[PDB]
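Here you get one chain, nothing else, as structure tokens; it is the form deposited in one PDB entry.
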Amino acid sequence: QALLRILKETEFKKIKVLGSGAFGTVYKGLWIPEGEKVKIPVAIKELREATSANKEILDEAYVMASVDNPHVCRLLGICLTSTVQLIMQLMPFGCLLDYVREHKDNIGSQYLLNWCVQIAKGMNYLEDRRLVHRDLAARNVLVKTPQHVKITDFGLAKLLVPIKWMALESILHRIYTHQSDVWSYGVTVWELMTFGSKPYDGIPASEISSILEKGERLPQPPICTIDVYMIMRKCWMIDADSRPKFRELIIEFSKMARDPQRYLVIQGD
């Protein structure tokens, strides 16, 4: 339990709002641990107040605090009052979804393929721990530096619907496995390769199941060669066991990262 710090209310201060939504509020703030001589920049995520067991909350937070990988965000500390407040390291460049949209003209093939490797490394770490993420998406990848991204919000779903990132078996039967995480990974890569386009844009969530049942899939991004699109398509196979494994995705995307211009055709790159 020494991985999870229980923070007093005086030990952290919210300074600036970073974002707000149905989940709650995320702040940029300071962590001032008592009996220490340092003030640490952190993000503070205050979940929306709920009418619903503390023992199971701490137990899940202990798991979130136990993740130890350069490409998965760790839970630094927690503060339980009428609300749940999660403290973690501040990722100054924000979410990868906003980043690829803001830098669509200045992102080369090497950055994109390196991100695919790092996301697959983080997800493979979780699979080795027998942990399922359930909400992998570009909005849930954070940018520590342009060459270092981390998967965020692990365990938050269990602590508490992204239809367009979900595998068909998850939509129809609410089944979540590592192989359904692979489907979400495929959609995430598609978000990256389109510089942040919305998947199935304008299509209501209730229609997605019938799109997948008919055999339709997200279209090939303009910059993607057929080798990269084949990986995305394999992530979206109906048979979950036929999808790639995260360990295989690391190998194949690391191979492409060694000659990135061969696999992504980007103007000016």
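In this text, rigid core is short for the largest set of C-alphas that superpose within 1.5 Å between two forms. All residue numbers refer to positions in the sequence shown, first residue = 1.
Per the records, residue 79 is modelled in every other compared entry, just as the shown structure includes it, so no third of them leave it out.
In all of the other compared structures of this protein with flanking residues present, residue 164 is modelled, so it falls below the one-third mark for missing coordinates. Unmodelled residues of the deposited sequence between residue 160 and residue 161: 10 or more. As listed in the deposited structure, the average C-alpha B-factor of 255-263 and of 242-250 is greater for 255-263. The stretch 96-104 shows the higher mean C-alpha B-factor when 96-104 is compared against 116-124 in the entry. The maximum CA B-factor among the listed residues 45, 48, 234, 217, taken from the PDB record, is found at 48. Placement of the Cα temperature factor of residue 64 within the chain: lowest third of the modelled residues, per the deposited record. In this PDB entry, the Cα temperature factor of residue 139 sits in the bottom third of its chain's modelled residues, the lowest group. Annotation for residue 175: CA B-factor lies in the highest third of the chain's modelled residues. Among the modelled residues of its chain, residue 35 has a C-alpha B-factor that falls in the highest third according to the deposited record.
In the deposited entry, the Cα temperature factor of residue 70 places it in the lowest third of its chain's modelled residues.
Beyond the structure shown, there is the form deposited in another entry, which is absent from this document and is the topic of what follows.
Just a single entry of 205, 38, 226, 238 exceeds or equals a 2 Å CA shift between the shown form and the other one, which is 38 (rigid core superposed).
Core-superposed comparison between the shown form and the other one: the CA of residue 20 exceeds or equals a 2 Å shift. Distance between the C-alpha atoms of residue 22 and residue 191: shorter in that other deposited form than here (change of 3 Å or more). Relative to this form, in that other deposited form the C-alpha atoms of residue 70 and residue 37 separate from one another by 3 angstroms or more.
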